[PDB]
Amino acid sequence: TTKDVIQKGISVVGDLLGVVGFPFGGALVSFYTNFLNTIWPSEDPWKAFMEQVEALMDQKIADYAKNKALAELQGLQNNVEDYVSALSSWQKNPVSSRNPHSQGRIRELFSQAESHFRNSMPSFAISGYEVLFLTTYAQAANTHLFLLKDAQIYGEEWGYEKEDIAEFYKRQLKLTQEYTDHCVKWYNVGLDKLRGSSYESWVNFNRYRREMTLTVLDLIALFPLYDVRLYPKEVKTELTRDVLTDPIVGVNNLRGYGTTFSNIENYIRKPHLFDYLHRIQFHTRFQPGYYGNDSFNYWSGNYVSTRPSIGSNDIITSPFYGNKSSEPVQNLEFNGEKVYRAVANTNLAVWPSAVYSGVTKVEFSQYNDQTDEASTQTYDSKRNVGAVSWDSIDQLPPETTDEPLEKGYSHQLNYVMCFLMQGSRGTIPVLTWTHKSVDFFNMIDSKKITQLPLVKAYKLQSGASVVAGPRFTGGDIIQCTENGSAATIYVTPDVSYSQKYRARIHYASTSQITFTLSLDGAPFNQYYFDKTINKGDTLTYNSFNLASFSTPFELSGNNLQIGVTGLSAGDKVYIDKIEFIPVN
């Protein structure tokens, strides 16, 4: 269920990934048309976003609050549509038909929409309904900010006063912070409200966490890239966060046997450097049926192997998960394959006073971007397979239903982990996924501003570690507690010639610090950076600073090392991303 809103959520983020930073006019208009068809066609999507959280929370919005929200939204739709048609005409029409009279038409259309947004926002955040309005607020907030940046692109062409464009920009800055912070605060409120002790508690908890990531968290991660002044070129970026699909189970009610909340949540993958699915070792066991004829084999346990980020080749192999095989082991290898789908079969045996159920078959859809070919790999228990009951596509829809799945998919398989039920009753598999936007090669684009998340590093040092992200950066971050090296990340230059770059860093620090950059062990850039937080502060939007290094440089190597100094006992530095700006 709710796949509709999930698809819309996924698609918008996927489309925005193409118009982030300073977009070219044609691209901006194209975006806007899909945007209007997806998010702003009628009241249906908005109604579905409210129902979505109501379902996750098992609570309802007071009818009056629901109706007012929908009323505001009808009005905002007209404002957006009227605006887009005018913008579309403006781009299309030559720099001749631009008379003072048409300029005033577009200026007032724009002023109306922007103003209507600021006025309406509070309606999506009424006291007591903050969490339930989250996806609605997130989508409305996004529209407001995306709309705002247009004033910095076309402001002068439209004949706006210098004062007007500037007023819009300050307003954009303030709202980027507020909207981001509002979303994280209420996101967390909702998350804590769902923490329980039962297996059923964890499924709900995790479903909320995944759905809020796809519709809210992924979106707010893009907000900063709408600043066309800081990002005067197109931006190459990616989302590095993990999402866990619902557990694969044969029965709807496990009658108390489900793995406890703590035995799941405390054991899922913790903040780690980015990696990719390399190999899976399937363990099978025999489940006897009370009458023999109803027996079946099932997936009892597993081993998983991942390969690190580019720059390192040593394979990481997981501890054993679940139960050892009673049957012959099955191994599937994925080196250079992207698993974009997983479809599973389950089966059950009804005993006089017990029910036994397990995953009997798993078909993986893979795509090889090198040899531009899709294919499948499957796990088969070999005995009494039953029927398909679980499809990843229901939880992780494609970015586009236009192209074939091997092209339009939104996520790939990263991890597999088997949990044991209570009372030796069976196995529960849990799958972890990563976003499609992740570039394996860590490629530095010669025409765009490239954002490199630090989690893409292949080596941490001097006691640097991966820490849970503040929920608004699209992934995790690096924590530095000691003076010295911190991370080594492998970089792939896209051009052969001596292209020069400027580097920018997105960080948070308890003290004034010095960042040093080295290529293949040789220092090339060193600079001074401001303190952004006090010891013990929690990380919100304003905790981070984006600062440039003075001198330009060439990519005369691949191994980028970031070093930190100037820390005192108790000081902490958090690194989110390193950016590259193509310069002449």
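In case it trips you up, residue 1 is the first one in the sequence shown, and so on.
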| item | value |
| --- | --- |
| Stretch exceeding the other in mean C-alpha B-factor - 471 to 479, 326 to 334 | 326 to 334 |
| 342 to 350 or 369 to 377, whichever carries the higher mean Cα B-factor | 369 to 377 |
| Which of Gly256, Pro404, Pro398, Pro247 ranks first by CA B-factor in the deposited coordinates | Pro404 |
| Selection by C-alpha B-factor (highest) of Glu114, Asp192, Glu238, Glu363 | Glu363 |
| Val359, C-alpha B-factor rank within chain (lowest, middle or highest third) | highest |
| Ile578 by Cα B-factor - lowest, middle or highest third of the modelled chain | lowest |
| Modelled-residue ranking by C-alpha temperature factor, third containing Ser42 | highest |
| Modelled-residue ranking by C-alpha temperature factor, third containing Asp181 | lowest |
| Assigned third (lowest, middle, highest) for the C-alpha B factor of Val53 | middle |
